[PDB]
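**Student:**
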Amino acid sequence: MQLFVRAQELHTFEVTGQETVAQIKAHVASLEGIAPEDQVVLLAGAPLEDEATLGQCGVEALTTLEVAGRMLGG
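Just so we're aligned: the sequence shown equals residues 1 to 74 in PDB author numbering.
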(Lines of atoms letter the chains of each structure in order from A and count residues from 1; the text may use other names and numbers.)
(Lines give C-alpha, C1' and ligand atoms only; values in the text may rest on other atoms or scores of the structure.)
Protein backbone atom coordinates (compact mmCIF):
# COMPACT_ATOMS: atom_id res chain seq x y z
CA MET A 1 0.00 0.00 0.00
CA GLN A 2 2.15 2.87 -1.40
CA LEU A 3 0.86 6.50 -1.08
CA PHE A 4 2.43 10.03 -1.13
CA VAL A 5 2.64 12.49 1.81
CA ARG A 6 3.31 16.12 0.75
CA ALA A 7 5.47 17.78 3.45
CA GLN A 8 7.89 20.75 2.81
CA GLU A 9 9.64 17.90 0.87
CA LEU A 10 7.45 15.40 -1.12
CA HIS A 11 7.98 11.88 0.39
CA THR A 12 6.48 8.45 -0.44
CA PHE A 13 5.39 5.90 2.26
CA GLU A 14 4.46 2.20 2.17
CA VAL A 15 1.80 2.00 4.93
CA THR A 16 0.10 -0.93 6.73
CA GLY A 17 -3.55 0.34 6.23
CA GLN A 18 -3.96 -0.03 10.03
CA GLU A 19 -1.26 2.74 9.98
CA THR A 20 -2.65 5.60 12.18
CA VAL A 21 -2.48 9.33 11.30
CA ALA A 22 -0.15 9.68 14.36
CA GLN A 23 2.13 7.04 12.69
CA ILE A 24 1.98 9.01 9.36
CA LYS A 25 3.06 12.12 11.34
CA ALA A 26 5.84 10.15 13.13
CA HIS A 27 7.21 8.74 9.77
CA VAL A 28 7.44 12.15 8.03
CA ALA A 29 8.54 13.86 11.32
CA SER A 30 11.54 11.49 11.55
CA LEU A 31 12.45 12.34 7.89
CA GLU A 32 12.16 16.17 8.38
CA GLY A 33 13.60 15.95 11.96
CA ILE A 34 10.44 17.76 13.22
CA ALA A 35 7.85 17.04 15.98
CA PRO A 36 4.67 14.92 15.13
CA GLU A 37 2.99 17.25 17.73
CA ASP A 38 3.80 20.31 15.48
CA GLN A 39 1.73 19.04 12.48
CA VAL A 40 -1.57 17.60 11.15
CA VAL A 41 -2.34 15.30 8.15
CA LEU A 42 -4.97 16.42 5.57
CA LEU A 43 -6.61 13.83 3.23
CA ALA A 44 -7.05 16.03 0.11
CA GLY A 45 -7.57 18.95 2.60
CA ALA A 46 -9.77 16.98 5.11
CA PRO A 47 -8.27 17.02 8.75
CA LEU A 48 -7.55 13.37 9.74
CA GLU A 49 -7.71 12.39 13.45
CA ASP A 50 -4.35 11.31 15.07
CA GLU A 51 -5.64 8.04 16.66
CA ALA A 52 -7.74 7.05 13.57
CA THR A 53 -6.14 4.59 11.05
CA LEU A 54 -5.95 4.95 7.23
CA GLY A 55 -8.61 2.19 6.99
CA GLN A 56 -10.87 4.17 9.40
CA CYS A 57 -10.19 7.30 7.26
CA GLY A 58 -11.16 5.19 4.19
CA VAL A 59 -7.97 6.10 2.24
CA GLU A 60 -6.26 3.56 -0.09
CA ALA A 61 -2.92 3.54 -2.02
CA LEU A 62 -1.94 5.92 -4.94
CA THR A 63 -3.32 8.86 -2.81
CA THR A 64 -1.66 12.18 -1.74
CA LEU A 65 -2.09 13.22 1.93
CA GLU A 66 -0.62 16.67 2.93
CA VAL A 67 1.08 17.85 6.18
CA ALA A 68 0.16 21.37 7.48
CA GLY A 69 1.37 23.19 10.62
CA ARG A 70 -1.90 23.68 12.60
CA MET A 71 -0.68 22.02 15.87
CA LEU A 72 1.91 22.36 18.72
CA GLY A 73 0.32 20.40 21.60
CA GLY A 74 -0.50 22.01 24.98
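For each residue, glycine too, the CB sits at the ideal point set by N, CA and C.
Helix, strand or coil for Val41? Go by DSSP, reduced to three states.
**Tutor:** strand
**Student:** Under 8 Å: do the region 33–40 and the region 51–59 share three or more Cβ pairs, one atom per stretch?
**Tutor:** With the cut-off at 8 Å, the region 33–40 and the region 51–59 do not touch.
**Student:** State the start and end residues of the unbroken beta strand (DSSP E) segment that holds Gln2.
**Tutor:** 2–6
**Student:** Would you list the residues sitting across from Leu10 in a DSSP beta bridge?
**Tutor:** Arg6
**Student:** Report the option in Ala61, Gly45, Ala35, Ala68 whose CA atom is closest to the CA atom of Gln2.
**Tutor:** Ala61
**Student:** For a quick check, are the C-beta atoms of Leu72 and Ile24 less than 8 Å apart?
**Tutor:** no
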